[PDB]
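Listing of my_file.txt; format and content: compact mmCIF, N, CA and C atoms.
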```txt
# COMPACT_ATOMS: atom_id res chain seq x y z
N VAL A 1 -60.31 -65.97 -3.45
CA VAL A 1 -59.99 -64.75 -4.12
C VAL A 1 -61.26 -64.01 -4.56
N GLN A 2 -61.57 -62.90 -3.91
CA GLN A 2 -62.67 -62.01 -4.28
C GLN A 2 -62.13 -60.65 -4.74
N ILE A 3 -62.40 -60.26 -5.99
CA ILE A 3 -61.98 -58.98 -6.59
C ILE A 3 -63.23 -58.19 -6.95
N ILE A 4 -63.37 -56.96 -6.45
CA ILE A 4 -64.53 -56.12 -6.73
C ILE A 4 -64.07 -54.75 -7.23
N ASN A 5 -64.66 -54.29 -8.33
CA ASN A 5 -64.57 -52.92 -8.82
C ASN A 5 -65.99 -52.34 -8.85
N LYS A 6 -66.24 -51.24 -8.14
CA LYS A 6 -67.51 -50.50 -8.19
C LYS A 6 -67.25 -49.06 -8.60
N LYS A 7 -68.03 -48.55 -9.55
CA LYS A 7 -67.93 -47.19 -10.09
C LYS A 7 -69.31 -46.56 -10.25
N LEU A 8 -69.49 -45.33 -9.78
CA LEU A 8 -70.69 -44.54 -10.04
C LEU A 8 -70.32 -43.24 -10.79
N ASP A 9 -71.13 -42.84 -11.76
CA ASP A 9 -71.20 -41.46 -12.26
C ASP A 9 -72.64 -40.97 -12.08
N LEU A 10 -72.84 -39.84 -11.42
CA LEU A 10 -74.13 -39.15 -11.38
C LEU A 10 -73.92 -37.69 -11.75
N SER A 11 -74.77 -37.16 -12.63
CA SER A 11 -74.59 -35.85 -13.25
C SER A 11 -75.92 -35.16 -13.57
N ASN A 12 -75.95 -33.82 -13.52
CA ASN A 12 -76.93 -33.07 -14.30
C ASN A 12 -76.49 -33.10 -15.77
N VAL A 13 -75.31 -32.57 -16.09
CA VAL A 13 -74.75 -32.58 -17.44
C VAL A 13 -73.36 -33.21 -17.43
N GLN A 14 -73.10 -34.14 -18.35
CA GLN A 14 -71.81 -34.82 -18.49
C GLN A 14 -71.40 -34.87 -19.96
N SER A 15 -70.15 -34.54 -20.29
CA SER A 15 -69.66 -34.61 -21.67
C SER A 15 -68.21 -35.07 -21.78
N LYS A 16 -67.91 -35.89 -22.79
CA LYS A 16 -66.55 -36.27 -23.19
C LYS A 16 -66.30 -35.89 -24.65
N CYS A 17 -65.31 -35.05 -24.95
CA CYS A 17 -65.07 -34.56 -26.31
C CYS A 17 -63.72 -35.08 -26.84
N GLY A 18 -63.75 -36.28 -27.44
CA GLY A 18 -62.61 -37.06 -27.91
C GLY A 18 -62.01 -37.98 -26.85
N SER A 19 -61.87 -39.27 -27.19
CA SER A 19 -61.28 -40.32 -26.35
C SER A 19 -60.78 -41.51 -27.19
N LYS A 20 -59.79 -42.26 -26.71
CA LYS A 20 -59.26 -43.47 -27.37
C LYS A 20 -58.83 -44.51 -26.34
N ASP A 21 -59.02 -45.79 -26.64
CA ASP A 21 -58.82 -46.86 -25.67
C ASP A 21 -58.29 -48.15 -26.32
N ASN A 22 -57.20 -48.72 -25.80
CA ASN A 22 -56.60 -49.90 -26.40
C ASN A 22 -57.15 -51.21 -25.82
N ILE A 23 -56.90 -51.53 -24.55
CA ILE A 23 -57.43 -52.74 -23.89
C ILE A 23 -58.28 -52.31 -22.69
N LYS A 24 -59.58 -52.61 -22.68
CA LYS A 24 -60.50 -52.27 -21.58
C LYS A 24 -60.55 -53.39 -20.53
N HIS A 25 -61.71 -53.76 -20.01
CA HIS A 25 -61.81 -54.70 -18.89
C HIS A 25 -61.46 -56.13 -19.32
N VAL A 26 -60.41 -56.72 -18.77
CA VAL A 26 -59.98 -58.09 -19.10
C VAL A 26 -59.83 -58.91 -17.82
N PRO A 27 -60.93 -59.30 -17.17
CA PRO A 27 -60.90 -60.16 -15.99
C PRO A 27 -60.64 -61.62 -16.37
N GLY A 28 -59.77 -62.29 -15.64
CA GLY A 28 -59.51 -63.72 -15.81
C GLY A 28 -59.50 -64.44 -14.47
N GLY A 29 -60.23 -65.55 -14.36
CA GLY A 29 -60.37 -66.24 -13.08
C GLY A 29 -59.09 -66.96 -12.66
N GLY A 30 -58.58 -67.84 -13.52
CA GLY A 30 -57.34 -68.57 -13.27
C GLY A 30 -56.08 -67.76 -13.55
N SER A 31 -55.97 -67.16 -14.74
CA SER A 31 -54.80 -66.39 -15.18
C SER A 31 -55.11 -65.37 -16.28
N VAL A 32 -54.34 -64.28 -16.37
CA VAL A 32 -54.42 -63.25 -17.42
C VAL A 32 -53.02 -62.92 -17.89
N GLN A 33 -52.78 -62.87 -19.20
CA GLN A 33 -51.50 -62.48 -19.79
C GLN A 33 -51.72 -61.39 -20.83
N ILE A 34 -50.92 -60.33 -20.79
CA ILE A 34 -50.99 -59.22 -21.74
C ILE A 34 -49.59 -59.02 -22.32
N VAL A 35 -49.45 -59.05 -23.63
CA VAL A 35 -48.20 -58.82 -24.35
C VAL A 35 -48.44 -57.62 -25.25
N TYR A 36 -48.34 -56.44 -24.66
CA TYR A 36 -48.59 -55.16 -25.31
C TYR A 36 -47.29 -54.58 -25.89
N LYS A 37 -47.09 -54.70 -27.20
CA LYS A 37 -45.90 -54.16 -27.89
C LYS A 37 -46.18 -53.56 -29.28
N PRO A 38 -47.09 -52.58 -29.40
CA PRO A 38 -47.42 -51.91 -30.65
C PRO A 38 -46.27 -51.03 -31.20
N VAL A 39 -46.29 -50.70 -32.49
CA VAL A 39 -45.55 -49.57 -33.06
C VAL A 39 -46.68 -48.56 -33.14
N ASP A 40 -46.84 -47.75 -32.10
CA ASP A 40 -47.98 -46.85 -31.95
C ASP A 40 -47.66 -45.37 -32.23
N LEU A 41 -48.35 -44.81 -33.21
CA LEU A 41 -48.33 -43.41 -33.63
C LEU A 41 -49.74 -42.78 -33.53
N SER A 42 -50.65 -43.41 -32.78
CA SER A 42 -52.04 -43.00 -32.58
C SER A 42 -52.20 -41.57 -32.05
N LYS A 43 -53.20 -40.84 -32.55
CA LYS A 43 -53.49 -39.46 -32.14
C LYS A 43 -54.94 -39.23 -31.71
N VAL A 44 -55.16 -38.39 -30.71
CA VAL A 44 -56.50 -37.95 -30.28
C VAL A 44 -56.48 -36.43 -30.34
N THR A 45 -57.37 -35.81 -31.11
CA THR A 45 -57.44 -34.36 -31.28
C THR A 45 -58.87 -33.87 -31.12
N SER A 46 -59.12 -32.81 -30.37
CA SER A 46 -60.49 -32.28 -30.25
C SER A 46 -60.55 -30.79 -29.94
N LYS A 47 -61.63 -30.14 -30.40
CA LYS A 47 -61.97 -28.72 -30.20
C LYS A 47 -63.40 -28.77 -29.69
N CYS A 48 -63.71 -28.08 -28.59
CA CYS A 48 -64.98 -28.34 -27.93
C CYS A 48 -65.65 -27.10 -27.29
N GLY A 49 -66.97 -27.14 -27.18
CA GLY A 49 -67.81 -26.16 -26.48
C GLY A 49 -68.74 -26.95 -25.57
N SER A 50 -68.73 -26.72 -24.26
CA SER A 50 -69.57 -27.48 -23.31
C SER A 50 -69.76 -26.77 -21.96
N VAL B 1 -62.84 -68.41 -6.84
CA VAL B 1 -62.55 -67.10 -7.42
C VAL B 1 -63.83 -66.36 -7.78
N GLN B 2 -63.90 -65.07 -7.50
CA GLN B 2 -65.09 -64.24 -7.72
C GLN B 2 -64.67 -62.83 -8.15
N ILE B 3 -64.81 -62.52 -9.44
CA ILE B 3 -64.41 -61.24 -10.02
C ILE B 3 -65.67 -60.46 -10.36
N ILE B 4 -65.81 -59.24 -9.86
CA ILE B 4 -67.01 -58.42 -10.05
C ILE B 4 -66.62 -57.03 -10.55
N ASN B 5 -67.28 -56.56 -11.59
CA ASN B 5 -67.24 -55.18 -12.06
C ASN B 5 -68.67 -54.64 -12.04
N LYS B 6 -68.91 -53.52 -11.35
CA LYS B 6 -70.20 -52.81 -11.36
C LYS B 6 -69.99 -51.36 -11.74
N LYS B 7 -70.78 -50.84 -12.67
CA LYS B 7 -70.71 -49.46 -13.16
C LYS B 7 -72.12 -48.90 -13.34
N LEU B 8 -72.48 -47.83 -12.63
CA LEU B 8 -73.75 -47.13 -12.87
C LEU B 8 -73.47 -45.71 -13.38
N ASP B 9 -74.17 -45.27 -14.42
CA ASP B 9 -74.05 -43.92 -14.94
C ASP B 9 -75.45 -43.31 -15.03
N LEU B 10 -75.64 -42.15 -14.42
CA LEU B 10 -76.90 -41.43 -14.40
C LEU B 10 -76.69 -39.97 -14.80
N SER B 11 -77.55 -39.47 -15.68
CA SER B 11 -77.43 -38.14 -16.27
C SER B 11 -78.78 -37.50 -16.56
N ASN B 12 -78.90 -36.19 -16.41
CA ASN B 12 -79.99 -35.47 -17.07
C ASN B 12 -79.64 -35.35 -18.57
N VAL B 13 -78.46 -34.83 -18.91
CA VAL B 13 -77.97 -34.75 -20.29
C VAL B 13 -76.57 -35.36 -20.38
N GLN B 14 -76.33 -36.21 -21.36
CA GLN B 14 -75.03 -36.85 -21.55
C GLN B 14 -74.61 -36.86 -23.02
N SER B 15 -73.36 -36.50 -23.33
CA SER B 15 -72.86 -36.48 -24.71
C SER B 15 -71.43 -36.98 -24.86
N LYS B 16 -71.18 -37.87 -25.82
CA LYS B 16 -69.83 -38.30 -26.23
C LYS B 16 -69.55 -37.87 -27.66
N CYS B 17 -68.50 -37.09 -27.85
CA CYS B 17 -68.16 -36.44 -29.11
C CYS B 17 -66.89 -37.08 -29.69
N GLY B 18 -67.04 -38.20 -30.38
CA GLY B 18 -65.93 -38.98 -30.94
C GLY B 18 -65.26 -39.90 -29.91
N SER B 19 -65.14 -41.18 -30.23
CA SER B 19 -64.46 -42.19 -29.41
C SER B 19 -63.94 -43.35 -30.26
N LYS B 20 -62.85 -44.02 -29.87
CA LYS B 20 -62.38 -45.24 -30.54
C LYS B 20 -61.82 -46.26 -29.56
N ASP B 21 -62.07 -47.53 -29.82
CA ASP B 21 -61.87 -48.60 -28.85
C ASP B 21 -61.37 -49.87 -29.54
N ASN B 22 -60.25 -50.45 -29.09
CA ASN B 22 -59.65 -51.59 -29.78
C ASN B 22 -60.13 -52.94 -29.25
N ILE B 23 -59.84 -53.29 -27.99
CA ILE B 23 -60.37 -54.50 -27.34
C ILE B 23 -61.20 -54.10 -26.12
N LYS B 24 -62.49 -54.45 -26.10
CA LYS B 24 -63.43 -54.16 -25.01
C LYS B 24 -63.43 -55.29 -23.98
N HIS B 25 -64.57 -55.66 -23.41
CA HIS B 25 -64.64 -56.60 -22.29
C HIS B 25 -64.27 -58.02 -22.71
N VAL B 26 -63.22 -58.61 -22.14
CA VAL B 26 -62.78 -59.98 -22.49
C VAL B 26 -62.66 -60.85 -21.23
N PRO B 27 -63.79 -61.30 -20.65
CA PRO B 27 -63.77 -62.17 -19.48
C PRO B 27 -63.44 -63.63 -19.84
N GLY B 28 -62.42 -64.22 -19.21
CA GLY B 28 -62.04 -65.63 -19.40
C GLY B 28 -62.01 -66.40 -18.08
N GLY B 29 -62.79 -67.46 -17.92
CA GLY B 29 -62.89 -68.11 -16.61
C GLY B 29 -61.63 -68.88 -16.21
N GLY B 30 -61.15 -69.78 -17.07
CA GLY B 30 -59.87 -70.46 -16.88
C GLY B 30 -58.65 -69.58 -17.16
N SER B 31 -58.62 -68.89 -18.30
CA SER B 31 -57.44 -68.16 -18.78
C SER B 31 -57.80 -67.07 -19.78
N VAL B 32 -56.98 -66.02 -19.88
CA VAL B 32 -56.99 -65.05 -20.98
C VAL B 32 -55.57 -64.78 -21.45
N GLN B 33 -55.35 -64.70 -22.76
CA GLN B 33 -54.12 -64.18 -23.35
C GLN B 33 -54.45 -63.10 -24.38
N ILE B 34 -53.71 -61.99 -24.36
CA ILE B 34 -53.85 -60.91 -25.33
C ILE B 34 -52.45 -60.63 -25.87
N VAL B 35 -52.27 -60.66 -27.18
CA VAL B 35 -51.00 -60.40 -27.86
C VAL B 35 -51.22 -59.20 -28.77
N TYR B 36 -51.10 -58.01 -28.20
CA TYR B 36 -51.44 -56.76 -28.84
C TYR B 36 -50.18 -56.13 -29.42
N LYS B 37 -49.98 -56.27 -30.73
CA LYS B 37 -48.83 -55.69 -31.44
C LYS B 37 -49.17 -55.13 -32.83
N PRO B 38 -50.15 -54.21 -32.92
CA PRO B 38 -50.46 -53.50 -34.15
C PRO B 38 -49.30 -52.60 -34.58
N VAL B 39 -49.25 -52.27 -35.87
CA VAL B 39 -48.69 -50.99 -36.32
C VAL B 39 -49.86 -50.02 -36.35
N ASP B 40 -49.97 -49.13 -35.37
CA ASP B 40 -51.16 -48.33 -35.13
C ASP B 40 -50.91 -46.86 -35.49
N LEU B 41 -51.63 -46.33 -36.47
CA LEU B 41 -51.65 -44.93 -36.88
C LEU B 41 -53.05 -44.31 -36.67
N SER B 42 -53.89 -44.96 -35.87
CA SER B 42 -55.28 -44.59 -35.64
C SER B 42 -55.45 -43.14 -35.20
N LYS B 43 -56.45 -42.44 -35.73
CA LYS B 43 -56.80 -41.08 -35.29
C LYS B 43 -58.22 -41.01 -34.75
N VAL B 44 -58.44 -40.22 -33.71
CA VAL B 44 -59.77 -39.73 -33.32
C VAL B 44 -59.74 -38.22 -33.42
N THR B 45 -60.66 -37.62 -34.17
CA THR B 45 -60.78 -36.17 -34.34
C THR B 45 -62.22 -35.75 -34.10
N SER B 46 -62.48 -34.69 -33.34
CA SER B 46 -63.85 -34.19 -33.21
C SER B 46 -63.98 -32.69 -32.93
N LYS B 47 -65.05 -32.07 -33.45
CA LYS B 47 -65.46 -30.67 -33.23
C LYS B 47 -66.93 -30.62 -32.87
N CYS B 48 -67.25 -30.01 -31.74
CA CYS B 48 -68.55 -30.16 -31.10
C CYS B 48 -68.98 -28.91 -30.33
N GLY B 49 -70.29 -28.70 -30.25
CA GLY B 49 -70.87 -27.90 -29.18
C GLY B 49 -72.01 -28.66 -28.50
N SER B 50 -71.93 -28.82 -27.18
CA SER B 50 -72.89 -29.59 -26.37
C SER B 50 -72.88 -29.16 -24.90
N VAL C 1 -65.18 -70.68 -10.26
CA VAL C 1 -64.97 -69.32 -10.77
C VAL C 1 -66.30 -68.63 -11.06
N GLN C 2 -66.44 -67.37 -10.66
CA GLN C 2 -67.58 -66.51 -10.99
C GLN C 2 -67.09 -65.16 -11.54
N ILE C 3 -67.39 -64.81 -12.79
CA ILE C 3 -67.09 -63.50 -13.38
C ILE C 3 -68.40 -62.73 -13.59
N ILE C 4 -68.51 -61.50 -13.09
CA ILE C 4 -69.70 -60.64 -13.25
C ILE C 4 -69.29 -59.27 -13.79
N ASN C 5 -69.95 -58.81 -14.84
CA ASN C 5 -69.91 -57.42 -15.27
C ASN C 5 -71.34 -56.89 -15.25
N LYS C 6 -71.62 -55.83 -14.50
CA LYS C 6 -72.92 -55.14 -14.48
C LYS C 6 -72.73 -53.69 -14.86
N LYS C 7 -73.54 -53.19 -15.79
CA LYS C 7 -73.51 -51.81 -16.28
C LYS C 7 -74.93 -51.26 -16.38
N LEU C 8 -75.20 -50.10 -15.79
CA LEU C 8 -76.43 -49.35 -16.06
C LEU C 8 -76.10 -47.98 -16.66
N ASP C 9 -76.92 -47.54 -17.62
CA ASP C 9 -77.02 -46.15 -18.05
C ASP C 9 -78.47 -45.72 -17.84
N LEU C 10 -78.71 -44.60 -17.16
CA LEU C 10 -80.02 -43.96 -17.13
C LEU C 10 -79.84 -42.49 -17.51
N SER C 11 -80.66 -42.01 -18.43
CA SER C 11 -80.52 -40.67 -18.97
C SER C 11 -81.85 -40.07 -19.39
N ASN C 12 -82.02 -38.76 -19.21
CA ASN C 12 -83.13 -38.02 -19.81
C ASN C 12 -82.84 -37.78 -21.30
N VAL C 13 -81.66 -37.22 -21.63
CA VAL C 13 -81.12 -37.13 -22.99
C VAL C 13 -79.72 -37.73 -23.05
N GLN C 14 -79.45 -38.62 -24.01
CA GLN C 14 -78.13 -39.21 -24.23
C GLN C 14 -77.80 -39.27 -25.72
N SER C 15 -76.59 -38.86 -26.10
CA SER C 15 -76.14 -38.83 -27.50
C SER C 15 -74.67 -39.21 -27.66
N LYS C 16 -74.34 -39.97 -28.71
CA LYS C 16 -72.96 -40.26 -29.13
C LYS C 16 -72.78 -39.77 -30.57
N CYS C 17 -71.89 -38.83 -30.85
CA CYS C 17 -71.73 -38.31 -32.21
C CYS C 17 -70.38 -38.80 -32.76
N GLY C 18 -70.40 -40.00 -33.34
CA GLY C 18 -69.25 -40.75 -33.85
C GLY C 18 -68.57 -41.62 -32.80
N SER C 19 -68.39 -42.90 -33.12
CA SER C 19 -67.70 -43.91 -32.30
C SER C 19 -67.21 -45.08 -33.17
N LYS C 20 -66.14 -45.78 -32.80
CA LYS C 20 -65.64 -46.98 -33.52
C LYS C 20 -65.13 -48.00 -32.52
N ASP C 21 -65.32 -49.28 -32.81
CA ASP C 21 -64.98 -50.37 -31.90
C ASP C 21 -64.52 -51.63 -32.65
N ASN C 22 -63.33 -52.19 -32.39
CA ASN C 22 -62.88 -53.37 -33.15
C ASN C 22 -63.36 -54.71 -32.58
N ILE C 23 -62.98 -55.06 -31.35
CA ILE C 23 -63.38 -56.31 -30.69
C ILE C 23 -64.21 -55.97 -29.45
N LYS C 24 -65.48 -56.37 -29.43
CA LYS C 24 -66.43 -56.09 -28.35
C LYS C 24 -66.37 -57.14 -27.24
N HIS C 25 -67.49 -57.56 -26.67
CA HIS C 25 -67.51 -58.53 -25.58
C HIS C 25 -67.12 -59.92 -26.06
N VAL C 26 -66.08 -60.53 -25.50
CA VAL C 26 -65.61 -61.88 -25.89
C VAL C 26 -65.49 -62.79 -24.65
N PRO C 27 -66.61 -63.31 -24.12
CA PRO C 27 -66.61 -64.20 -22.97
C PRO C 27 -66.22 -65.63 -23.35
N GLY C 28 -65.34 -66.25 -22.56
CA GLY C 28 -64.90 -67.64 -22.74
C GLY C 28 -64.80 -68.39 -21.42
N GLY C 29 -65.38 -69.59 -21.32
CA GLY C 29 -65.36 -70.36 -20.07
C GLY C 29 -63.99 -70.97 -19.76
N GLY C 30 -63.45 -71.77 -20.68
CA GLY C 30 -62.17 -72.44 -20.51
C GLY C 30 -60.95 -71.57 -20.78
N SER C 31 -60.88 -70.93 -21.94
CA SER C 31 -59.75 -70.10 -22.35
C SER C 31 -60.12 -69.08 -23.42
N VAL C 32 -59.44 -67.93 -23.45
CA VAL C 32 -59.64 -66.88 -24.47
C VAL C 32 -58.28 -66.42 -24.99
N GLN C 33 -58.12 -66.32 -26.30
CA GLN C 33 -56.89 -65.82 -26.93
C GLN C 33 -57.21 -64.73 -27.95
N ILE C 34 -56.51 -63.60 -27.89
CA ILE C 34 -56.67 -62.47 -28.80
C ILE C 34 -55.29 -62.16 -29.37
N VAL C 35 -55.14 -62.14 -30.69
CA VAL C 35 -53.86 -61.84 -31.36
C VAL C 35 -54.13 -60.64 -32.25
N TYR C 36 -54.10 -59.45 -31.65
CA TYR C 36 -54.41 -58.20 -32.31
C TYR C 36 -53.14 -57.58 -32.90
N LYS C 37 -52.92 -57.78 -34.20
CA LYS C 37 -51.76 -57.25 -34.93
C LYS C 37 -52.09 -56.67 -36.33
N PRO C 38 -53.06 -55.75 -36.44
CA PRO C 38 -53.39 -55.09 -37.69
C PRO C 38 -52.42 -53.95 -38.02
N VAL C 39 -52.37 -53.56 -39.29
CA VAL C 39 -51.69 -52.34 -39.72
C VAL C 39 -52.89 -51.41 -39.80
N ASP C 40 -53.14 -50.65 -38.74
CA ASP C 40 -54.35 -49.85 -38.60
C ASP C 40 -54.13 -48.36 -38.85
N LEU C 41 -54.80 -47.81 -39.87
CA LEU C 41 -54.79 -46.39 -40.23
C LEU C 41 -56.19 -45.76 -40.07
N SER C 42 -57.07 -46.43 -39.31
CA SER C 42 -58.46 -46.03 -39.03
C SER C 42 -58.59 -44.61 -38.51
N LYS C 43 -59.65 -43.92 -38.93
CA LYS C 43 -60.00 -42.59 -38.46
C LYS C 43 -61.41 -42.64 -37.89
N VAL C 44 -61.64 -41.96 -36.78
CA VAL C 44 -62.98 -41.55 -36.35
C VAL C 44 -63.01 -40.04 -36.41
N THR C 45 -63.95 -39.48 -37.17
CA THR C 45 -64.06 -38.04 -37.37
C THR C 45 -65.50 -37.65 -37.12
N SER C 46 -65.77 -36.59 -36.36
CA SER C 46 -67.15 -36.08 -36.25
C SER C 46 -67.24 -34.57 -36.00
N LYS C 47 -68.30 -33.97 -36.55
CA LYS C 47 -68.68 -32.56 -36.44
C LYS C 47 -70.15 -32.50 -36.03
N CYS C 48 -70.47 -31.81 -34.94
CA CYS C 48 -71.66 -32.17 -34.18
C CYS C 48 -72.33 -30.97 -33.47
N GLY C 49 -73.64 -31.06 -33.24
CA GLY C 49 -74.42 -30.12 -32.44
C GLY C 49 -75.33 -30.96 -31.53
N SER C 50 -75.23 -30.84 -30.20
CA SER C 50 -76.03 -31.67 -29.28
C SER C 50 -76.13 -31.07 -27.88
```
Could you take the file, read its structure, and then write that structure out as structure tokens?
Amino acid sequence: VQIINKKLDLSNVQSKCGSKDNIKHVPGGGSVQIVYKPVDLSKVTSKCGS
Amino acid sequence: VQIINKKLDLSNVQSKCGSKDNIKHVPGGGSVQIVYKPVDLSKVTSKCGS
Amino acid sequence: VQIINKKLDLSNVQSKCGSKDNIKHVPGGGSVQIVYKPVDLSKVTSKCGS
């Protein structure tokens, strides 16, 4: 079992104006289990110039 | 088993204007378990010029 | 088992104007368990020039 993720960003100018993230990279060799059951009322709000 | 993540980011100018993150990188060789059940009212708010 | 995460950032100018993070890198050889169940009312707020 070979799993590969490759990502590039190349920029003159790059911007992100507000972001939110719950579970990011979770690699597991033998096994992975996720039990995602929040009472979620989370908000992301932004006003931007770019 | 062989799990690979590669990420390159290149910029002349780069800006992040507010961010929030709950669980980041969680590599487990034998096993991983995640039991994600918050009561979540989290906010991200931002005002920017870039 | 082989787990790899590789990340590069290269920048002339780089800025982050406000950020928040609960659980960062959690590497485990045999097993990893995360039981994320907070009553979370966290705010990330920022006002910025960049």
Return as a PyMOL selection string the residues belonging to chain A that are within 8 Å of chain C, counting only C-alpha atoms. chain A and resi 27-29
Would you list, as a PyMOL selection string, the residues of stretch 6-47 of chain C that end up in strand (DSSP E) under DSSP run on this structure's backbone? chain C and resi 6-16+20-23+32-34+39-40+43-47
Restricting it to N, CA and C atoms, dump the selection as a CSV table (one decimal), in the coordinates of the input.
```csv
chain,number,residue,atom,x,y,z
C,6,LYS,N,-71.6,-55.8,-14.5
C,6,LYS,CA,-72.9,-55.1,-14.5
C,6,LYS,C,-72.7,-53.7,-14.9
C,7,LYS,N,-73.5,-53.2,-15.8
C,7,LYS,CA,-73.5,-51.8,-16.3
C,7,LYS,C,-74.9,-51.3,-16.4
C,8,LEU,N,-75.2,-50.1,-15.8
C,8,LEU,CA,-76.4,-49.4,-16.1
C,8,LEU,C,-76.1,-48.0,-16.7
C,9,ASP,N,-76.9,-47.5,-17.6
C,9,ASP,CA,-77.0,-46.2,-18.0
C,9,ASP,C,-78.5,-45.7,-17.8
C,10,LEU,N,-78.7,-44.6,-17.2
C,10,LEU,CA,-80.0,-44.0,-17.1
C,10,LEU,C,-79.8,-42.5,-17.5
C,11,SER,N,-80.7,-42.0,-18.4
C,11,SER,CA,-80.5,-40.7,-19.0
C,11,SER,C,-81.8,-40.1,-19.4
C,12,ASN,N,-82.0,-38.8,-19.2
C,12,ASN,CA,-83.1,-38.0,-19.8
C,12,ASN,C,-82.8,-37.8,-21.3
C,13,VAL,N,-81.7,-37.2,-21.6
C,13,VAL,CA,-81.1,-37.1,-23.0
C,13,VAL,C,-79.7,-37.7,-23.0
C,14,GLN,N,-79.4,-38.6,-24.0
C,14,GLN,CA,-78.1,-39.2,-24.2
C,14,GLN,C,-77.8,-39.3,-25.7
C,15,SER,N,-76.6,-38.9,-26.1
C,15,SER,CA,-76.1,-38.8,-27.5
C,15,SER,C,-74.7,-39.2,-27.7
C,16,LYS,N,-74.3,-40.0,-28.7
C,16,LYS,CA,-73.0,-40.3,-29.1
C,16,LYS,C,-72.8,-39.8,-30.6
C,20,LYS,N,-66.1,-45.8,-32.8
C,20,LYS,CA,-65.6,-47.0,-33.5
C,20,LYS,C,-65.1,-48.0,-32.5
C,21,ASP,N,-65.3,-49.3,-32.8
C,21,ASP,CA,-65.0,-50.4,-31.9
C,21,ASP,C,-64.5,-51.6,-32.6
C,22,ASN,N,-63.3,-52.2,-32.4
C,22,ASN,CA,-62.9,-53.4,-33.2
C,22,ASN,C,-63.4,-54.7,-32.6
C,23,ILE,N,-63.0,-55.1,-31.4
C,23,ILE,CA,-63.4,-56.3,-30.7
C,23,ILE,C,-64.2,-56.0,-29.4
C,32,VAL,N,-59.4,-67.9,-23.4
C,32,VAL,CA,-59.6,-66.9,-24.5
C,32,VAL,C,-58.3,-66.4,-25.0
C,33,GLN,N,-58.1,-66.3,-26.3
C,33,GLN,CA,-56.9,-65.8,-26.9
C,33,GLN,C,-57.2,-64.7,-28.0
C,34,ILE,N,-56.5,-63.6,-27.9
C,34,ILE,CA,-56.7,-62.5,-28.8
C,34,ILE,C,-55.3,-62.2,-29.4
C,39,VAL,N,-52.4,-53.6,-39.3
C,39,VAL,CA,-51.7,-52.3,-39.7
C,39,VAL,C,-52.9,-51.4,-39.8
C,40,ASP,N,-53.1,-50.6,-38.7
C,40,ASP,CA,-54.4,-49.8,-38.6
C,40,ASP,C,-54.1,-48.4,-38.8
C,43,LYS,N,-59.6,-43.9,-38.9
C,43,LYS,CA,-60.0,-42.6,-38.5
C,43,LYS,C,-61.4,-42.6,-37.9
C,44,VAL,N,-61.6,-42.0,-36.8
C,44,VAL,CA,-63.0,-41.6,-36.4
C,44,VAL,C,-63.0,-40.0,-36.4
C,45,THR,N,-64.0,-39.5,-37.2
C,45,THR,CA,-64.1,-38.0,-37.4
C,45,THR,C,-65.5,-37.6,-37.1
C,46,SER,N,-65.8,-36.6,-36.4
C,46,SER,CA,-67.2,-36.1,-36.2
C,46,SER,C,-67.2,-34.6,-36.0
C,47,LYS,N,-68.3,-34.0,-36.6
C,47,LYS,CA,-68.7,-32.6,-36.4
C,47,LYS,C,-70.2,-32.5,-36.0
```
Please put the answer as lines of an AutoDock Vina configuration file: centre and edge lengths, in Å with one decimal, of a box along x, y and z that encloses all listed atoms of stretch 34-45 of chain B plus 5 Å on each side.
```
center_x = -55.5
center_y = -48.9
center_z = -30.6
size_x = 23.5
size_y = 36.2
size_z = 22.5
```
Since fewer atoms than expected are present, regenerate N, CA, C and O atoms for stretch 34-41 of chain C and write them as a CSV table (one decimal), in the frame of the given file.
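Printed below is part-v4.csv as written:
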```csv
chain,number,residue,atom,x,y,z
C,34,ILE,N,-56.5,-63.6,-27.9
C,34,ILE,CA,-56.7,-62.5,-28.8
C,34,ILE,C,-55.3,-62.2,-29.4
C,34,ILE,O,-54.4,-61.9,-28.6
C,35,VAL,N,-55.1,-62.1,-30.7
C,35,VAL,CA,-53.9,-61.8,-31.4
C,35,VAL,C,-54.1,-60.6,-32.2
C,35,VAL,O,-54.4,-60.8,-33.4
C,36,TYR,N,-54.1,-59.4,-31.6
C,36,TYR,CA,-54.4,-58.2,-32.3
C,36,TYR,C,-53.1,-57.6,-32.9
C,36,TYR,O,-52.4,-56.9,-32.2
C,37,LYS,N,-52.9,-57.8,-34.2
C,37,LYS,CA,-51.8,-57.2,-34.9
C,37,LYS,C,-52.1,-56.7,-36.3
C,37,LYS,O,-51.5,-57.0,-37.3
C,38,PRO,N,-53.1,-55.8,-36.4
C,38,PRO,CA,-53.4,-55.1,-37.7
C,38,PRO,C,-52.4,-54.0,-38.0
C,38,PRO,O,-51.8,-53.4,-37.1
C,39,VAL,N,-52.4,-53.6,-39.3
C,39,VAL,CA,-51.7,-52.3,-39.7
C,39,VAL,C,-52.9,-51.4,-39.8
C,39,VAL,O,-53.6,-51.4,-40.8
C,40,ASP,N,-53.1,-50.6,-38.7
C,40,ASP,CA,-54.4,-49.8,-38.6
C,40,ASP,C,-54.1,-48.4,-38.8
C,40,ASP,O,-53.4,-47.7,-38.1
C,41,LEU,N,-54.8,-47.8,-39.9
C,41,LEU,CA,-54.8,-46.4,-40.2
C,41,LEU,C,-56.2,-45.8,-40.1
C,41,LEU,O,-56.5,-44.7,-40.6
```
